[PDB]
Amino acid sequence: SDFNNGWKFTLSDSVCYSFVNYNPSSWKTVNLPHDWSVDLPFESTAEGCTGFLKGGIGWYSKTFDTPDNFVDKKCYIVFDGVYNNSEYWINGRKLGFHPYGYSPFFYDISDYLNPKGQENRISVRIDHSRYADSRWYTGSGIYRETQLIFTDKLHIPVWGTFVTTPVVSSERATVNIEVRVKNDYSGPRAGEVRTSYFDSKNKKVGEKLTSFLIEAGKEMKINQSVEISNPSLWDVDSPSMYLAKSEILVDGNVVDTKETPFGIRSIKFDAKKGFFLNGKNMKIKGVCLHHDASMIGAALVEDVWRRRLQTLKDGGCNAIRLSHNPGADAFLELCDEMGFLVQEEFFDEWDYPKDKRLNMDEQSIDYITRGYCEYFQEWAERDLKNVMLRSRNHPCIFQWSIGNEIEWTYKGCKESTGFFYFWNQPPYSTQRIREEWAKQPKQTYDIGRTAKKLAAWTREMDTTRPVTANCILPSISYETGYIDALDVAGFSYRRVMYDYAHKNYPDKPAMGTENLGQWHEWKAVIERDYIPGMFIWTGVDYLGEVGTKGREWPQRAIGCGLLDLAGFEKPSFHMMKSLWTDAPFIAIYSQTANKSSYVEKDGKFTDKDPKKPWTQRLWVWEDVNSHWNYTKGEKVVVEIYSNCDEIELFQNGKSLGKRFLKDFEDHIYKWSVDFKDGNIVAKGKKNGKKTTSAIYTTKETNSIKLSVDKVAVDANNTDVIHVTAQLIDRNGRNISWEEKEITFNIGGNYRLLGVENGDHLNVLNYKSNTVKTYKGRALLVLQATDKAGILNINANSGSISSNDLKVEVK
């Protein structure tokens, strides 16, 4: 009996759909979360900024009976995210409107419920007709989970606790909680708040009892403090979680309860020395993530994200930037449990709109790009705070970011620099910048004033995490009062400004908040103790931000991600793994000496194009080869991404010679090689400890190798199976040099989530059991249902057959 199951949905729109007497039984049944945009095909006539998928106007409905014991109680319906411009009705009557696609909210439906036993009905209209109102793919509908909460009239409201730990040592932590208590009875009520604390193994480690008297219709804040001895500290390598169980008592009887998971950890940003987690000075190995996972779209399916994060974590990542909007509660829960530090961003724009198709300031105006900027003046406060009410207990969250690249949207910011920029500092001095800024004409809104209001609102809700922002032009935001509102200046693609921040504003902590997946970005981080990390754009590829010149149909994604749309490890991931992890590691790629970005003359490698050198490489990694399957005798440049200080390369057993990481300024081991069928083997050492990796020439495609991440799942409507298809030759050696059209067949009760191959440059039907491979591989994503049973999975490509998999559903 989960409230998220058995919803009705339709991609239509009629005025009668909310009426007391309208029956939606003819509508399709769905389980939340749901994103309808991915059930529509990739169209050439949709907008590339939102991933070539239309929105439209859609509706949901949900019936539920009033409990037999709904007397002296309240009812709250809670949404964690609905995209967007959504309207809410219960039993014929309007509850309200909610513009923003990413903030959570709730309605008090207590007085609307029909008497004990009888049926109630919620209706949601979603207006995603403005299907280009975003620079990236959004999806459509109730894409995060919902809740139906019943409480006593004396109760902790929704999100009614805030747990903090202002003193943290290894002997003890001071753990404070604020329990709000609302009395919705018509007379005064006396009681007690009992809050019990519990560890990893459910042993009670603390307790506090406080008395209260609260007047009719008033809300009271009860603060309680305890000392937790020898705490298990939450860390990225040891994410231990505690539980606060706060109970409201009348007489001696529990009348309401809230459970507040939390962690005990200290965080500190030091402007001279860097970032400190529980007293360990560590670098932030961050990645940026949008909210979609391809076949599922915006629908928050946890197992799908678990796999992607596990991969990211195996690559060394310890932090996540939620670009450029509030994340899902369930995603933050995943981060608490798995161990990532999380920057949650409130907005992508404030007073003035960005161009949705092109980046930066809005140049054109049309109906379908009309976004949240229309509601920002009235809604920014309610939204920012609700996000924080919802999010603030999660130990993962270590930064609140009030805005991304805002400077583009205000007349005078870019002008007041000297630039009109990636690779230079500004030609104007700090005073000259300030003088230019004073010379610009007054707009209706100011970047500084709005920064202050947002920073101030933020601090009313939480002072235990720093305020930051991703500043694209720090030089001017240092002078407008914007950076002055922040505790941590975040720099979008400004490694060339780290020395400038230290020199000119040393007492303000600074950091990479958006960066390129390249060694030259990380070199700049580890050479500076005052720059504690970076956040790569992006950790995993995402739908949208295409359709521009150079990236026309049928391209869906940019390909800037470390992981592709299937969550498979790309070349850029293995470079970062070679920089972010310590256990010895070698990845072997190559290109034709023609296609390679490097060239050997006199036994020494340099960049081909000196106007495109290694220090200026941008978002998308070159299309390099993992195979060893060229034509005989062709000249090849083997490029290796490794943490080994010495590697020796063998071609069929003949030693090509040892090389040293010290000799390669761009952190890439290189060899010139004359291709002949066989194998390449790299043997390397990282301070004495050895490791070996190799690639093999294969014969033509023989079989389909199928792997499964789990051989058993539960019949809970939510567990995911990820099936990986990989082409192999007669001897089982992996193919990546030719593609095949693979048809999966599955027996037993399952729900298809879909198929992906990781090709950013080409569309495909998500809902087909057939998928073309990319780099010899593909992914099929299935989901458990109500029905237990066995699933028999196999595949073919005409002649080409496969091994057979069996997965139980318990």
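We number the residues from 1 along the sequence you see.
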Seminar exercise, completed: What lies unmodelled of the deposited sequence between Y367 and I368 amounts to none
Seminar exercise, completed: Mean Cα B-factor check, 594 to 602 vs 302 to 310, entry values; winner is 594 to 602
Seminar exercise, completed: Entry B factor averaged over C-alpha atoms, 660 to 668 against 376 to 384: higher for 660 to 668
Problem set entry | Peak C-alpha temperature factor (PDB record), options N91, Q425, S129, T480 | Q425
Exercise. Considering only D462, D564, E622, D714, which residue's Cα atom bears the greatest B-factor as recorded?
Worked result: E622
Exercise. What third of the chain, by the recorded C-alpha B-factor, contains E435?
Worked result: highest
Problem set entry | Chain third (lowest, middle, highest) by recorded CA B-factor, residue given as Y766 | middle
Seminar exercise, completed: Split the chain's modelled residues into thirds by Cα B-factor; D35 lands in the lowest
Problem set entry | Chain-wide C-alpha B factor ranking for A216, given as lowest, middle or highest third | highest
Problem set entry | Chain-wide C-alpha B factor ranking for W27, given as lowest, middle or highest third | highest
